[PDB]
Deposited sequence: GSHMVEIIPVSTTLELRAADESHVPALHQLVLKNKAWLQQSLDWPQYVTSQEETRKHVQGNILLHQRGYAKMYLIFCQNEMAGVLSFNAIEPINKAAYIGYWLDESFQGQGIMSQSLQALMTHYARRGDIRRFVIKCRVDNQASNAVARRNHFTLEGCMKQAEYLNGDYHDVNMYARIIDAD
């Protein structure tokens, strides 16, 4: 399952064959994790895609969870250190969302990220997500509960 993104970028559904290489990147920046995500991916309970840039694995773009009935997905992503700040996530995400709007099984795309997560907030804004609210102390990290921005983009009928 490949989702074209651009001349140099493409998303590939996470496969058992990727485990070796991703683990390398995980470590640098698993099988059970991947096998587990593949099962959700086949059931439409989540999606796990690998981002390839000029054929090199560069990071992961996920729908952490999906609410089939509400046709809603929460987005999660991470990029290897040498592939950050280059719009690879922005172009990959717009392509992925367009592709699912065309499939039709997802219409509401959601990004929940810490208010202090400078990188995720910028992806949300560059990709025209609307800030719907701020969940107080919603995410525990490093001993504290941090506020989280909830962003959404709808792509379906007018």
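- Gaps between the deposited sequence and the modelled structure occur at positions 1-5, 35-53.
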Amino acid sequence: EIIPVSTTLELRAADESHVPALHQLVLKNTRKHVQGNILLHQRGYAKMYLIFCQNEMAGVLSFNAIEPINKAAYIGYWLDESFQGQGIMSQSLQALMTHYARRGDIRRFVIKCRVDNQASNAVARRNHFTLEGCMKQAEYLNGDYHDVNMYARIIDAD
From here on, numbers count along this sequence of modelled residues.
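Here the rigid core means the biggest group of C-alpha atoms that line up within 1.5 Å when the two forms are laid on top of each other.
- Core-fitted comparison in 4 other deposited structures of this protein shows that, between 88-96 and 30-38, the CA atoms farther from the shown form belong to 30-38.
- Taking the PDB entry as given, 50-58 carries the higher mean Cα B factor of the two stretches 128-136 and 50-58.
- The PDB entry records a higher mean C-alpha B factor for 19-27 than for its counterpart among 19-27 and 6-14.
- Within the group 33, 107, 99, 112, the record's highest C-alpha temperature factor is found at 33.
- Among all modelled residues in its chain, residue 93 ranks in the lowest third by Cα B-factor.
- Among the modelled residues of the chain, residue 121 sits in the lowest third by CA temperature factor in this PDB entry.
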